[PDB]
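Order-wise, the sequence lines are chains A and B. With the working numbering, letter number 9 in the first sequence gets 9, and the count goes up by one each step, no holes. With the working numbering, letter number 35 in the second sequence gets 35, and the count goes up by one each step, no holes. Working notes, beginning with the structure itself.
2 protein chains.
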Amino acid sequence: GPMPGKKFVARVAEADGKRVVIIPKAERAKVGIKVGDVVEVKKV
Amino acid sequence: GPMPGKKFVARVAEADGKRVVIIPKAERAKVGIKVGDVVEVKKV
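And the structure:
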């Protein structure tokens, strides 16, 4: 896959009562995310 | 609120067919996230 440490920008949303960052397929491809992967979320 | 640029570690999950990072209340308090806020997600 891609090298770790790539990032993308997103917005916190509500879904099923939870506060979530929804990750689109294209962003998963760009930064190499699969379900189960550890990520870091940083407030901007 | 807190200064921007704080971060926390999480795992990508599936919820309602979407790939999401679920943000618990305590992590929202630590990094100062509200619904609607812009964040950066980085693969580790």
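In this text, a Cβ means the ideal position worked out from N, Cα and C, and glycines have one as well.
Below 8 angstroms on the Cβ atoms is my contact criterion, and I expect residue i with residue j to pass it. Report the Cβ-Cβ distance as a whole number of Å.
i	j	result
residue 13/A	residue 35/B	7 angstroms
residue 7/A	residue 42/B	4 angstroms
residue 39/A	residue 4/B	Rounded, the Cβ-Cβ distance is 18 angstroms, inconsistent with contact.
Hey, could you find the ends of the alpha helix (DSSP H) residue i is sitting in?
i	result
residue 6/A	It is not in any alpha helix (DSSP H) - residue 6/A carries neither H nor E in the DSSP assignment.
residue 34/A	Here residue 34/A belongs to no alpha helix (DSSP H), and DSSP marks it neither H nor E.
With hydrogens ignored, establish whether the beta-carbon of residue i is closer than 6 angstroms to any heavy atom of the ligand COA.
i	result
residue 40/B	This structure lacks the ligand COA; in fact it carries no ligand of any kind.
Name the residue from the options whose alpha carbon lies nearest to the alpha carbon of residue i.
i	options	result
residue 24/A	15/B, 28/B, 7/B, 44/B	15/B
residue 26/B	27/A, 19/A, 28/A	19/A
residue 33/B	21/A, 1/A, 33/A, 17/A	21/A
Which residues mark the beginning and the end of the beta strand (DSSP E) in which residue i is found?
i	result
residue 20/B	18-22
residue 43/B	38-43
If contact means a Cβ-Cβ distance below 7 angstroms, which residues of the stretch 14-32 of chain B contact chain A?
Against chain A - using a Cβ distance shorter than 7 angstroms - the residues of the stretch 14-32 of chain B are 14, 15, 16, 18, 19, 20, 21, 22, 23, 28, 31, 32.
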